[PDB]
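Take a look at this single chain in structure tokens; it is the form deposited in one PDB entry.
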């Protein structure tokens, strides 16, 4: 599960597809047998997911908690774990399906690993494999999630018009793409809603804060328009909306707030853009209570907003301590997203943990001045930042594992020196306090 290894394997798959383009179809019984074998040795859950993806059951691979309201223990997991555990074998089955010229199945595996590989910043090579599949057998259906993935890397690269042709093609034509078949009409609205969200991100990249916020609101409406509302998308859009609220000026936020078409409770309940942002982050963390990373990012932004507002001249002195305590709670939740000592992978998650440490130390400095524990916690924070940037710059996998473990050890030490106490929740699988009520009805007035 390394970027370089996976990237090289995807390159090999692409080379195989090119060679098959030069060769005439002659699938040997060995090829078919190794295809069936490689798929059969995968765990049952992944075989089911592969068959469902191949059958075009959904345009996105869903999470068990994403569409269910009456959630339970079997729903409170994330596919990152099962996919990450069988990634090597999923790629072996991908190569095997390519050699068997079963491009529909190979595309199904591409669909399955798409999200995890985006986390590894290797979506380009994966999309090269998809293009080779389409070159061999043009009728091979490609999931809208993968097309949108192309849009995503194009936005991340600054190719805004290129991404916008993809997004606009999906939006203006009811999500139609290639030879993909929707089983119901609502999945089209879902694809449209993700594309509209990405339009919001494009306008955010351009600093058109008001219109970006409007598009994000539209994506929220679309997520609510589904038979089962998309809680994951709502969490994402609430976070993006929070960042936009932070970047907005006060006149931007006032113009957005005075638009009656936008029936957001937080828009009419708060008058300061940082407080609206903090509330939007609270809701975003509530809506992804079983995915600790997004809870951590959301509460990080929340704590930053409350820290910034508490020091503002717009904050009444009676509430300064209350908002500082709210920021303290937020950063505490963020640090509590990691329990006991499980490894932490990814520069983003690590960076978010150090961000939570800096936030909590800053809040303590605001509450108790320059105490000794603020100095010790500050030293631990700077150490964690040093090992963090060493991690980000290192190319040796073992150094990255070691620096990650050390950085998390430091994080645990700031947790001890600052007395972060676990919160009470009747849902031991949830990463948010009960105060963070997951209520979709309160989003709307």
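We call the rigid core whatever largest set of C-alpha positions still superposes within 1.5 Å between the two forms. Positions refer to the first chain, counted from 1.
Asker: Given the B-factors recorded for C-alpha atoms, which segment has the greater mean, 18 to 26 or 432 to 440?
Answerer: The recorded data point to 432 to 440.
Asker: Please work out which of 80 to 88 and 108 to 116 has the higher mean CA B-factor as recorded in the PDB entry.
Answerer: The stretch with the larger mean CA B-factor is 80 to 88.
Asker: Just the C-alpha B-factor column, please: which of 194, 301, 99, 319 has the biggest number?
Answerer: Max CA B-factor in the entry, restricted to 194, 301, 99, 319: 319.
Asker: Out of 273, 231, 199, 347, which one has a C-alpha B factor higher than all the others in the entry?
Answerer: Going by the entry's C-alpha B-factors, 347 comes out highest.
Asker: In terms of the chain's CA B-factor thirds, is residue 237 lowest, middle or highest?
Answerer: Lowest third.
Asker: Which third, lowest, middle or highest, does the C-alpha temperature factor of residue 31 belong to within its own chain?
Answerer: Tercile = middle for this residue's CA B-factor.
Asker: Can you tell me whether residue 338 has a C-alpha B-factor in the lowest, middle or highest third compared with the other modelled residues of the same chain?
Answerer: For residue 338, whose C-alpha B-factor we compare with every modelled residue in the chain, the answer is the highest third.
Asker: Quick check on the deposited entry: does the C-alpha B-factor of residue 269 sit in the lowest, middle or highest third of its chain?
Answerer: For residue 269, whose C-alpha B-factor we compare with every modelled residue in the chain, the answer is the highest third.
Asker: Going by the entry, which third of its chain does the Cα temperature factor of residue 403 land in?
Answerer: CA B-factor rank for residue 403: highest third.
Not on display, but discussed next: the form solved in complex with a partner chain.
Asker: Which pick from 381, 56, 420, 46 sits with a heavy atom within 4.5 Å of its partner chain in the bound PDB entry?
Answerer: Exactly one listed residue reaches within 4.5 Å, namely 381.
Asker: Scan 61, 411, 42, 388 and let me know which has any heavy atom within 4.5 Å of its partner chain in the bound PDB entry.
Answerer: Among 61, 411, 42, 388, a heavy atom within 4.5 Å of its partner chain in the bound PDB entry occurs only for 388.
Asker: Which of these stretches, 87 to 95, 253 to 261, 228 to 236, 364 to 372, has heavy atoms within 4.5 Å of its partner chain in the bound PDB entry?
Answerer: Residues of 364 to 372 come within 4.5 Å of the partner.
Asker: Should residue 311 be classed as touching its partner chain in the bound PDB entry when contacts are defined as heavy atoms within 4.5 Å?
Answerer: Yes, residue 311 lies within 4.5 Å of its partner chain in the bound PDB entry.
Asker: Against its partner chain in the bound PDB entry, would residue 173 count as a contact residue? Criterion: heavy atoms within 4.5 Å.
Answerer: So residue 173 does not count as contacting its partner chain.
Asker: Is residue 179 part of the interface with its partner chain in the bound PDB entry - any heavy atom within 4.5 Å?
Answerer: Contact check for residue 179: no, nothing within 4.5 Å of its partner chain in the bound PDB entry.
Asker: Hey, in the bound PDB entry, is residue 351 touching its partner chain, heavy atoms inside 4.5 Å?
Answerer: So residue 351 counts as contacting its partner chain.
Asker: At 4.5 Å by heavy atoms, is each residue in 199, 203 and 358 next to its partner chain in the bound PDB entry?
Answerer: Every residue of the candidate spot has a heavy atom within 4.5 Å of its partner chain in the bound PDB entry.
Asker: Could you check which of 373, 308, 156, 168 shows a C-alpha shift of 2 Å or more between this form and the one not shown after a rigid core superposition?
Answerer: Between the two forms, the residue that moves is 373.
Asker: On a core-based superposition, does residue 57 travel 2 Å or more at its Cα between this form and the one not shown?
Answerer: The answer is no, as the C-alpha of residue 57 shifts between this form and the one not shown by less than 2 Å after core alignment.
Asker: Examine residue 347 after superposing the rigid core and state whether its CA is displaced by 2 Å or more between this form and the one not shown.
Answerer: Residue 347: C-alpha displaced by 2 Å or more between this form and the one not shown.
Asker: Since the Cα separation of residue 156 and residue 392 moves by 3 Å or more in the bound PDB entry, tell me which way: closer or farther than here.
Answerer: Farther apart, by at least 3 Å.
Asker: Mind checking the CA-CA distance of residue 230 and residue 438 in the bound PDB entry? It differs by 3 Å or more from this form, so is it closer or farther?
Answerer: It is farther: in the bound PDB entry, the C-alpha atoms of residue 230 and residue 438 lie at least 3 Å more apart than they do here.
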